Structures are given as C-alpha cells and as structure tokens.
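Basis: the model, the stated rules and, where named, an outside source; nothing here is a laboratory result. Don't worry about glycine lacking a Cβ; one is built from the backbone with ideal geometry, like all the others, and counts go over all protein chains shown.
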Amino acid sequence: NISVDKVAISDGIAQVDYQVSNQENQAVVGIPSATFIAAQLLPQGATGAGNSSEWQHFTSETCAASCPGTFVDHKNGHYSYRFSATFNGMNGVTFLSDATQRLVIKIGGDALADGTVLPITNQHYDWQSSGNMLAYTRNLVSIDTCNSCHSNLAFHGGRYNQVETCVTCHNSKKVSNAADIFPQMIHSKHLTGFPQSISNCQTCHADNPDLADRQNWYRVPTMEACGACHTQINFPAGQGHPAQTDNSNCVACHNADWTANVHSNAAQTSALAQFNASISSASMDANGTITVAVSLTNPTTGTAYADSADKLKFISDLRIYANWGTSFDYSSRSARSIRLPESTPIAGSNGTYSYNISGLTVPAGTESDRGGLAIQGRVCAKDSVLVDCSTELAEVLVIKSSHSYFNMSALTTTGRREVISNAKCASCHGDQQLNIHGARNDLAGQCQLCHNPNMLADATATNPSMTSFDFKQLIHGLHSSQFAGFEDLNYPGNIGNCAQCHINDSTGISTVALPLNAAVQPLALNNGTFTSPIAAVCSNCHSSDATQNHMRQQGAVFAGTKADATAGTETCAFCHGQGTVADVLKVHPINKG
Ligand code: HEC
Ligand code: HEC
Ligand code: HEC
Ligand code: HEC
Ligand code: HEC
Ligand code: HEC
Ligand code: HEC
Ligand code: HEC
Ligand code: HEC
Ligand code: HEC
Ligand SMILES: [Ca+2]
C-alpha cells in the first residue's frame with residue numbers, strides 16, 4: 001500500500017489504507033472492512049549505548065470494546081473507502097523523539113461485507129519521521145529470502161506478518177522476553193534443524209541494494225546477536241571468552257573482515273576449484289561391462305592432470321557408480337562401482353585414463369536403453385590449496401558429485417528423465433552442500449542409481465509404501481516427518497507445495513497428471529505383491545485407512561503385477577488429469593520461483 005502521509009498534529013492519523021490490496025489485477029478501488037490492524041515503533045540507531053539500532057513498541061494489543069489507538073479496527077478516527085485513520089495518544093511506554101525514524105503497519109484478514117469475502121492476511125509498512133527525507137534506518141533483511149525455505153511466512157495464527165516486519169513487537173518494550181528480540185530470537189530458532197550449515201549467512205543475510213543497512217551481520221558484533229549461536233559462551237563472566245559486560249569493545253577486536261571470513265568457506269571452495277573429474281567417454285558390451293574414460297583437470301585454467309588418480313596425493317577418494325535402465329529406473333538397487341585411486345587403469349596417458357566397471361545387470365529386451373554414471377570423491381586441502389592427504393592439519397573436502405548418462409556405444413546427453421533439479425533443492429539445502437553417505441550430493445541423478453523401484457517395501461507395515469527406499473518414496477516420506485527414523489523433523493515450507501522440488505517438462509510441472517515411464521514396483525518385501533503406478537505415489541501424502549481405497553481401475557495391490565503393470569490405461573488419471581479437469585494441479589498449492 002503506497003501511502004501518504006505522516007500526520008503531525010498532534011497524533012497519529014494514518015491517512016491512507018490502499019490499494020495494493022490482497023490478490024488480483026490491482027489498481028482497483030477498495031473498501032477497508034472490517035478487521036484489524038495497527039502498530040507503531042521508534043528506533044534510535046546506536047545512540048544508547050554504543051552498540052546497535054533498536055526498535056521501541058508503543059502500546060498495540062488485544063481489546064474488548066473496539067478502539068482506535070491499539071490493535072483492532074473500530075472506535076478509531078474517521079475511516080472509510082480509502083483514506084482512513086487514526087491513533088490516540090503518542091509516547092506511551094517510550095517517548096517520541098524529534099528527528100527520529102518510526103514504524104507503521106496494516107494487515108487484513110476478512111469476513112467481508114458480502115461483496116467479495118477475502119483474504120487470509122496482508123500487511124505492509126510505512127516508516128515515518130517529522131517532515132524530512134530519512135535520517136537513518138534499520139533495513140536488515142526482507143522476508144522473501146526467508147520464504148525460500150518457508151514459501152510463505154505468517155506467525156501467530158497467520159495474523160502476522162507478510163513482508164516487514166516483526167521488529168515491531170519483538171523489542172525489549174513489547175516482548176517479555178526472552179530472548180524473543182528478532183536477531184536474538186530467529187538465530188536461536190534456526191540454531192538446529194537448519195538444512196544448510198549454520199555458518200551460511202547470506203542464506204538469510206542476502207545481498208540486496210534495496211536494503212542499504214547491511215552490510216551489518218559483520219559490521220556490528222554484539223553479545224545478544226552473536227551469543228545466540230555461540231551458546232557455550234557467557235560473556236560477562238568470562239566463560240569461554242574474555243569477560244565483557246557490554247558490547248562497547250566487540251568491534252575493536254572483531255573487525256568486519258574477520259567476522260565475515262570466519263563464517264565464509266572461500267578457502268574450501270578455492271581448493272575444490274582446483275580439481276575436476278569428468279567422464280570423457282563411456283560404453284558397454286552386451287553382457288554388462290562398462291568401459292569409462294576419466295579426465296582429471298583443473299577446472300579453472302583448464303589444464304590436465306597428466307597422471308592418473310592413483311598417483312595424485314591430494315585425492316582422498318574418487319569413485320564412479322553406474323547402473324542400467326534409464327527408461328525403467330534401472331535394473332538393480334545396488335549400482336556397480338570402482339575406486340579409481342585403488343585401481344590401475346587399462347589404457348591412458350596425459351590426463352585421461354580408461355577403467356572398466358563390470359557386473360551390471362542387463363535384462364534382455366533392454367539392449368538399446370541407457371545407463372547412468374556418477375562421480376564421487378574427496379580431496380585433502382589446506383589454506384585454499386590441495387595438499388598430500390598426509391600433510392599436517394589437512395582437511396578432507398567433498399567433491400561436487402556429478403552424473404553422465406550412458407549408452408551401449410557412447411555417452412549421450414538425453415539420459416533419464418528430469419523430475420527435479422539441484423536448483424530446486426538448493427533453495428533449502430544449497431548447491432550442492434547436502435551430503436549423504438559421506439560424499440554423495442548429486443540429486444539430479446546418482447541417488448536414483450540406487451534409490452530406484454528395485455528398493456523393496458514392507459508389505460507387513462500398515463504404512464503404505466513408506467518403507468521403500470525408492471527416491472520418490474524416501475523423499476516425500478522423510479520431508480513429511482513420517483519416514484522411519486525421521487520422526488519429529490520439522491519441515492519449514494508447505495509440504496504440499498510441489499513447486500519447491502519439482503520442475504517443468506517443457507510444459508506443465510514434472511507432476512504431469514500422467515507419468516511418462518515411472519515403472520511401478522511399489523510393494524516388495526514379500527516380493528510377490530505390487531501396486532498401481534499412480535496409487536503408488538499418492539499413498540504417502542494421502543496415507544491410510546483410506547482411500548476406500550476409492551480405488552478405480554489399475555488401483556490395487558498385487559494382481560500378477562500385470563493387472564498392476566500398469567495394467568492398461570485408467571481413468572484414475574483422466575479424472576485427476578492435467579488438462580483443465582476436476583483436479584490436476586488446481587488441487588495443490590503451487591507457486592513460481
Ligand atoms: C532454510 C535454510 C531456512 C531459512 C532461509 C529460513 N528458515 Fe526459518 N525454519 C527453517 C527450519 C529448518 C526450521 C525448524 C527447524 C527446527 O528444528 O525447529 C525453521 C523454523 C522457523 C520458525 C518457527 C520456530 C518455531 O518455534 O516454530 C520461524 C518463526 C522461523 N523459522 C523464522 C524464519 C525467518 C524470519 C526467516 C527469514 C529471516 C527464516 N526463518 C528463514 C528453515 C529456514
Ligand atoms: C506483535 C503483534 C507481534 C508481531 C507483529 C510478531 N510477534 Fe511474535 N510474539 C509476540 C509476542 C508478544 C510474543 C511472546 C511474548 C513473550 O513475552 O513471550 C511472541 C512470540 C513469538 C515466538 C515464540 C514465543 C511464542 O509465544 O510463540 C515466535 C517464534 C514468534 N513470536 C515469531 C514471530 C515472527 C516470525 C514474526 C514476524 C512474521 C512475529 N513473531 C511477529 C508478538 C508479535
Ligand atoms: C536466518 C535464520 C539467518 C541466519 C542463518 C543468519 N542471520 Fe543474522 N539475522 C537474521 C535476522 C532476521 C536478523 C534481524 C533482522 C532485523 O530486521 O532486525 C539478524 C540479525 C543479525 C545481526 C544484528 C545486526 C544488527 O545490525 O543489529 C547480526 C550481527 C547477525 N545477524 C549476524 C549473523 C551472522 C554472522 C550470521 C552467519 C554466521 C547470521 N547472522 C546468520 C537472520 C539470519
Ligand atoms: C548462527 C547463525 C551464528 C551466528 C549468529 C554467529 N555465528 Fe560465529 N559461527 C557459527 C558457525 C556455524 C561457526 C563454525 C565455523 C566453521 O568453520 O565451521 C562459527 C564460528 C565462528 C568463529 C570461529 C571460532 C572457532 O572456534 O574457530 C568466530 C570467531 C565467530 N564465529 C564469530 C562470530 C561473531 C563475532 C558473531 C556475531 C557478529 C557470530 N560469530 C555470529 C555460527 C554463527
Ligand atoms: C579483544 C580483547 C576482544 C574483544 C574486546 C572481543 N573479542 Fe570475541 N574473541 C577475541 C578472540 C582473540 C577470540 C578467539 C577466536 C578464535 O578463533 O580463537 C574471540 C572469540 C569470539 C567468538 C567465538 C565463539 C566461539 O564459540 O568460538 C565470538 C562469537 C566472539 N568472540 C564475539 C565477541 C563479542 C560478542 C564481543 C563483545 C562482548 C567480543 N567478541 C569482544 C577477541 C575479542
Ligand atoms: C525446504 C522446503 C526444503 C526443500 C526445498 C528440500 N528439503 Fe530436504 N530437508 C529440509 C529440512 C529443513 C531438513 C532437516 C532434516 C534434519 O534432520 O535436520 C531436510 C532433510 C533432508 C534430508 C535428510 C538428510 C539426513 O538426515 O542426513 C535429505 C536426504 C533431504 N532433505 C533431501 C532433499 C532433496 C533430495 C530435496 C530436493 C527434492 C530436498 N531435500 C529439498 C527441507 C527441505
Ligand atoms: C548406492 C551406492 C546408493 C546411492 C548412490 C545412494 N544411496 Fe542412499 N542408501 C543406500 C542404501 C542401500 C540405503 C539403506 C541401507 C543402507 O545401506 O544405508 C540408503 C539410505 C539412505 C537414506 C536413509 C538412511 C540413512 O543414511 O540414514 C537416505 C536419507 C538416503 N539414502 C539418501 C540418499 C541421497 C540423498 C543420495 C544421493 C546424494 C543417495 N542416498 C545415494 C544406497 C545408496
Ligand atoms: C521435495 C521434498 C518434494 C516435494 C515437496 C514434492 N516432491 Fe515429488 N518427488 C521429489 C523427488 C526427489 C522425487 C524422486 C523422483 C526421481 O526419480 O528422482 C519425486 C517424485 C515424484 C513423482 C514421480 C514422477 C516421475 O518420476 O516422473 C511424482 C508424480 C511426485 N513426486 C508428485 C509430487 C506432488 C504432486 C507434489 C506436491 C504435492 C510433490 N511430489 C512434492 C521431491 C518432492
Ligand atoms: C506429497 C508431496 C503429496 C503428493 C505426492 C500428493 N499430494 Fe495431494 N496434497 C498433499 C497434502 C499434504 C494435502 C493436504 C490436504 C489438506 O486437506 O490439508 C494435499 C491435498 C490434496 C487433495 C485434497 C483432498 C482433501 O483435502 O480431502 C487432493 C484431492 C489432492 N491433494 C490430490 C492429489 C493427487 C490426485 C495426487 C496423486 C497424483 C496427490 N495429491 C499427490 C500432498 C501430496
Ligand atoms: C474420478 C471419479 C476420480 C477417480 C477415478 C479418482 N479420483 Fe480421487 N478424487 C476425485 C475427486 C473429484 C476427489 C475430491 C477431492 C476434493 O478435495 O474435493 C477425490 C479425492 C481423492 C482423495 C482424497 C482423500 C482424502 O483426502 O482423505 C484421494 C487420496 C484420492 N482421490 C486418490 C485417488 C487415487 C489413488 C485414485 C486412483 C486409484 C483416484 N483418486 C481416482 C476424483 C477421482
Ligand atoms: Ca546491501
């Protein structure tokens with residue numbers, strides 16, 4: 001809500017409440033009815049005393065009989081149509097300061113005047129002063145970068161607070177506390193359960209010209225803020241750090257470069273930036289033996305490592321994993337592999353050597369299908385460079401895994417279908433920091449080399465296909481805190497928001513109402529039994545006692561796995577179908593990146 005103006009005589013009298021509205025085309029006249037909403041604040045920057053910007057809350061809260069100068073929408077001052085009003089009193093708990101910044105906000109959750117009826121909630125701020133440009137500010141961080149992991153954010157019965165901000169109530173003045181002051185608080189909350197490493201600052205402290213003030217997560221060291229993560233330290237007592245009663249000396253020692261570096265990982269990344277392992281070519285014979293050619297190089301500068309991996313001292317580990325059957329999600333739950341340093345090559349010279357992976361399972365009718373490869377490794381580094389893995393105080397970093405797609409004769413660029421992307425997962429995990437099994441971190445592939453339908457699922461369990469280590473099952477299941485060993489794991493965003501993980505198949509999202517080649521073997525561990533292709537996936541986010549199984553054709557457990565596969569085509573899709581239908585994607589909340 002672009003607004004106007006500051007009311008200076010002798011009270012708050014907010015004069016406009018529109019029209020950016022809730023949701024629609026916009027630029028349409030609106031009517032402010034009929035609930036909520038208001039709050040005011042005063043910040044001083046660093047005048048008291050020698051530390052940081054502070055907000056201060058003027059009384060705004062619950063009420064019984066409908067009133068102006070607090071939290072509600074009633075016996076206020078004249079409001080209607082567009083240009084509203086208005087506050088009572090001024091300096092309640094604190095006191096107004098000439099030549100200072102201040103804060104205003106407005107939200108709208110509505111049972112409307114029978115004219116439209118909506119929405120959930122919608123807020124926007126207006127920071128004020130007594131008639132001049134803008135002295136100083138505290139624009140630390142916007143909510144959208146928060147939404148990457150949360151999609152939408154709205155605490156307190158979703159009442160607050162779309163956008164910015166909550167710095168209003170979460171002050172020393174309003175909250176009690178402790179510590180529910182914004183920096184103090186949200187650090188402590190994300191201290192554990194955070195996907196990425198806590199030391200990743202820009203994941204929240206994103207870079208943004210719109211926010212002139214910060215440049216701050218490392219400009220302004222303070223007990224309360226830094227101590228939130230660094231808990232084992234009691235400053236005033238000298239526990240774990242030299243005693244400090246205040247934060248008047250923090251900065252003298254903790255310069256910006258220092259605090260910005262200690263949390264940075266530039267050293268790690270520059271070391272890794274000096275090594276790359278790519279599969280230059282590949283092929284396979286009829287019975288199932290792969291021949292790979294590996295080319296080690298320095299990605300920057302781009303020159304070759306003439307010697308083979310087994311002679312490069314800085315390599316801690318480097319493996320390739322492979323499997324066959326891209327069109328049907330592979331033929332084994334366990335991919336074959338080789339540890340390159342642990343094996344002398346067949347042929348090679350000058351930065352490129354051939355090895356061969358054997359023991360792959362090639363079912364008959366699938367001689368012309370595609371396979372899958374995935375590099376995996378660790379290198380020892382120290383002080384931003386690679387070093388002999390036996391050097392003192394060396395650290396073991398993890399190669400960014402990668403995958404090439406296989407073909408009986410030579411590498412192919414097409415490969416197995418793309419259901420998700422490292423991009424989409426990084427919006428919570430990072431690209432590509434999430435490491436499982438030590439060194440595996442590719443999600444656009446690799447994981448499925450083992451996490452495929454070949455992964456058995458418990459028939460005994462009342463649980464429907466949430467025992468299958470199939471990638472789709474595993475992922476959906478654990479990010480729902482339902483998968484075994486993954487209970488009580490709090491998932492930030494909307495579980496139902498498909499957009500986060502999924503992606504486009506040249507058209508709609510990769511949850512196309514009709515799968516392309518999702519071979520379905522969802523029930524094993526008992527083996528004999530199997531389950532419908534589409535019912536397979538929906539039974540985790542629409543779990544048990546149900547459906548009835550509301551089971552129309554194809555829908556079922558075992559039936560010769562033929563009546564299961566797939567069997568024919570079935571209306572189960574046509575009904576919940578892509579083209580504008582009685583379900584498809586309208587049924588799920590999905591947004592754009
Ligand atoms: C991904 C790295 C996230 C970023 C970016 C933000 N949040 Fe988050 N949030 C995330 C996780 C994994 C969790 C829970 C972990 C756990 O073990 O509890 C949360 C939780 C919250 C909460 C709820 C706290 C509660 O007690 O329920 C809040 C209010 C919250 N986070 C706020 C918040 C804000 C304001 C963010 C932008 C600055 C933000 N989060 C970013 C994951 C991630
Ligand atoms: C004033 C209307 C507030 C707004 C705006 C926001 N919060 Fe709040 N919250 C408020 C109070 C008075 C309290 C507790 C008071 C006390 O003395 O303890 C809280 C509490 C929280 C908590 C945890 C404690 C709890 O009672 O649940 C969290 C995690 C929290 N608040 C988060 C939060 C976020 C992320 C906000 C911006 C979207 C936000 N609050 C705004 C009052 C107010
Ligand atoms: C999301 C969970 C964050 C993480 C991860 C980090 N920071 Fe943070 N920080 C975050 C918020 C929402 C706020 C307050 C926002 C507001 O408008 O008040 C802060 C605050 C700080 C501060 C205080 C700065 C000031 O000017 O007072 C500091 C010094 C700070 N944060 C440091 C910091 C560092 C070094 C981080 C990486 C280790 C870091 N934070 C992570 C959100 C999040
Ligand atoms: C959570 C978002 C944090 C906040 C807020 C602050 N720090 Fe931190 N710090 C955090 C992590 C995850 C780490 C590990 C570093 C690593 O290499 O893994 C650190 C580390 C430090 C250190 C190094 C101490 C050591 O034992 O080697 C220092 C000196 C440090 N951090 C300082 C510091 C300051 C001054 C902060 C406020 C501006 C601060 N940290 C906030 C996580 C978080
Ligand atoms: C010089 C006398 C300092 C003053 C004043 C402050 N800090 Fe300090 N700090 C100093 C040193 C030499 C170190 C060791 C760091 C290392 O890598 O060995 C530290 C450590 C910290 C840390 C690290 C936390 C951890 O768990 O390791 C933090 C978070 C930190 N310091 C913050 C901090 C604060 C809040 C201060 C004001 C109260 C402060 N420092 C003052 C040197 C000095
Ligand atoms: C934010 C909405 C997320 C998206 C996008 C993705 N994941 Fe996630 N995942 C998220 C959180 C907050 C956690 C915390 C778990 C914990 O115990 O802290 C996780 C966890 C995982 C794990 C577990 C790893 C382990 O426990 O060792 C895995 C393997 C994982 N996530 C994978 C994964 C994939 C493949 C994603 C893209 C499809 C993905 N995640 C996205 C939150 C979020
Ligand atoms: C074969 C070489 C595998 C590849 C490649 C990946 N995974 Fe894995 N994983 C594999 C098996 C056989 C199992 C179950 C039994 C076991 O040996 O551990 C798992 C288990 C998991 C789990 C949960 C178990 C745990 O470690 O706590 C997760 C969260 C998981 N797998 C995820 C995962 C990811 C993200 C992968 C790509 C980075 C990946 N796996 C590859 C075998 C294999
Ligand atoms: C991150 C936790 C995700 C969420 C949220 C949703 N999906 Fe997902 N899905 C995710 C992964 C990592 C996979 C693995 C598939 C693979 O081979 O890598 C899947 C799989 C599916 C599929 C299979 C489709 C196909 O293989 O062609 C479907 C149909 C599917 N998921 C549906 C779906 C829907 C409707 C979602 C929103 C409610 C949704 N998923 C969320 C990761 C994640
Ligand atoms: C996890 C990623 C899911 C997948 C896979 C599927 N859906 Fe789903 N959907 C999911 C959740 C967590 C919810 C919440 C429903 C609620 O009431 O809160 C939904 C919602 C639906 C519904 C609504 C049914 C009801 O609420 O009674 C339908 C009809 C629906 N989704 C359709 C649907 C279909 C046909 C799926 C297979 C193609 C499917 N969903 C998968 C999460 C997930
Ligand atoms: C047309 C007759 C359909 C067939 C065939 C299938 N589904 Fe369906 N389903 C359809 C509608 C119009 C609805 C209403 C949902 C709503 O929110 O209005 C549903 C409902 C479901 C649900 C919801 C169950 C719950 O929330 O508890 C589920 C889980 C579901 N449908 C799954 C499902 C499966 C697996 C199907 C193939 C066996 C299937 N449906 C077929 C329309 C139709
Ligand atoms: Ca900036």
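Identify all residues within the stretch 35-87 that are assigned to a loop (DSSP other than H, G, I, E, B), closer than 30 Å to residue 244 by Cα and not polar (S, T, N, Q); write none if there are none.
Once the filter is applied, which keeps residues that are assigned to a loop (DSSP other than H, G, I, E, B), closer than 30 Å to residue 244 by Cα and not polar (S, T, N, Q), the stretch 35-87 yields 42, 43, 45, 46, 48, 49, 50, 54, 55.
Restricted to the stretch 572-589, and to residues that are among the β-branched types (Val, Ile, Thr) and exposed (fewer than 13 other Cβ atoms within 10 Å of the Cβ), which residue is nearest to ligand 10 (Cβ to nearest atom)?
Filtering first and then ranking leaves 587.
Residue 492: within 25 Å of residue 515 (Cβ to Cβ) and in a loop (DSSP other than H, G, I, E, B), yes or no?
No: the conditions fail for residue 492.
Of all residues being in a loop (DSSP other than H, G, I, E, B) and surrounded by fewer than 16 Cβ atoms within 10 Å (Cβ to Cβ) in the stretch 434-462, which is nearest to ligand 4 (Cβ to nearest atom)? Just the residue, please.
Result: 435.
Could you give every pair whose Cβ atoms fall below 9 Å, whose first residue belongs to the stretch 166-178 and is over 14 Å from residue 103 (Cα atoms), and whose second residue is in a loop (DSSP other than H, G, I, E, B) and within 16 Å of ligand 5 (Cβ to nearest atom), counting only separations of at least 6 or pairs across chains?
Pairs found: 172/181; 175/181.
Kindly indicate which of 434, 443 is within 15 Å of the chain's Cα centre (by Cα), within 14 Å of ligand 7 (Cβ to nearest atom) and closer than 30 Å to residue 285 by Cα.
Of the residues listed, the single one that is within 15 Å of the chain's Cα centre (by Cα), within 14 Å of ligand 7 (Cβ to nearest atom) and closer than 30 Å to residue 285 by Cα is 443.
Regarding residue 566, is this residue over 24 Å from residue 330 (Cα atoms), more than 11 Å from ligand 9 (Cβ to nearest atom) and of a type outside the set (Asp, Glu)?
no
Which residues, taken from the stretch 381-429, are in a helix (DSSP H, G or I) and closer than 20 Å to residue 325 by Cβ?
none
Mind checking which residues of the stretch 487-532 are under 30 Å from residue 559 (Cα atoms) and of a type in the set (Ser, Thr, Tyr)?
Across the stretch 487-532, the qualifying residues are 510, 511, 529, 531, 532.
Can you name the condition, by its number, that residue 228 falls short on among (1) within 16 Å of ligand 2 (Cβ to nearest atom); (2) outside the structural domain of residue 55 (by CATH); (3) in contact (Cβ under 8 Å) with a residue 60 or more places away in the chain?
The number of the failed condition is (3).
Can you tell me which residue in the stretch 178-207 is farthest from residue 145 (Cα to Cα), limited to those that are exposed (fewer than 14 other Cβ atoms within 10 Å of the Cβ) and more than 9 Å from ligand 1 (Cβ to nearest atom)?
178
Pairs, please: C-beta under 9 Å, at least 6 apart or cross-chain, first residue surrounded by fewer than 16 Cβ atoms within 10 Å (Cβ to Cβ) and in the stretch 554-571, second among the acidic types (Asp, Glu)?
Once the first residue is surrounded by fewer than 16 Cβ atoms within 10 Å (Cβ to Cβ) and sits in the stretch 554-571, its partners that are among the acidic types (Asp, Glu) give 558/564.
For the stretch 1-31, give me each residue that is free of Cβ contacts under 8 Å to residues at least 60 places away in the same chain and in contact with a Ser or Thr (Cβ under 8 Å, 6 or more places away or on another chain).
28, 30
Take the stretch 208-233 and flag every residue that is surrounded by 13 or more Cβ atoms within 10 Å (Cβ to Cβ) and more than 16 Å from ligand 11 (Cβ to nearest atom).
Once the filter is applied, which keeps residues that are surrounded by 13 or more Cβ atoms within 10 Å (Cβ to Cβ) and more than 16 Å from ligand 11 (Cβ to nearest atom), the stretch 208-233 yields 221, 222, 223, 224, 225, 226, 227, 228, 229, 230, 233.
Being within 16 Å of ligand 8 (Cβ to nearest atom) and of a type in the set (D, E, K, R) is the filter; apply it to the stretch 553-593 and report the residue that is farthest from the chain's Cα centre (by Cα).
Among residues in the stretch 553-593 that are within 16 Å of ligand 8 (Cβ to nearest atom) and of a type in the set (D, E, K, R), the one farthest from the chain's Cα centre (by Cα) is 570.
Which condition number in (1) under 30 Å from residue 217 (Cβ atoms); (2) outside the structural domain of residue 227 (by CATH) is the one that residue 319 fails?
Every condition holds for residue 319 apart from (1).
Looking at 285, 310, 317 in this structure, which one is acidic (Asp, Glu) and under 15 Å from residue 348 (Cα atoms)?
310 is the lone residue from the list that is acidic (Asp, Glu) and under 15 Å from residue 348 (Cα atoms).
Output the residues belonging to the stretch 289-322 that are assigned to a loop (DSSP other than H, G, I, E, B), crowded, with 17+ Cβ neighbours inside 10 Å and touching a residue at least 60 places away in the same chain (Cβ under 8 Å).
314
Residue by residue through the stretch 467-491, note down the ones that are out of contact with any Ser or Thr (no Cβ under 8 Å at 6 or more places or on another chain) and in contact (Cβ under 8 Å) with a residue 24 or more places away in the chain.
Within the stretch 467-491, 467, 468, 469, 470, 471, 472, 475, 476, 477, 480 meet the criteria.
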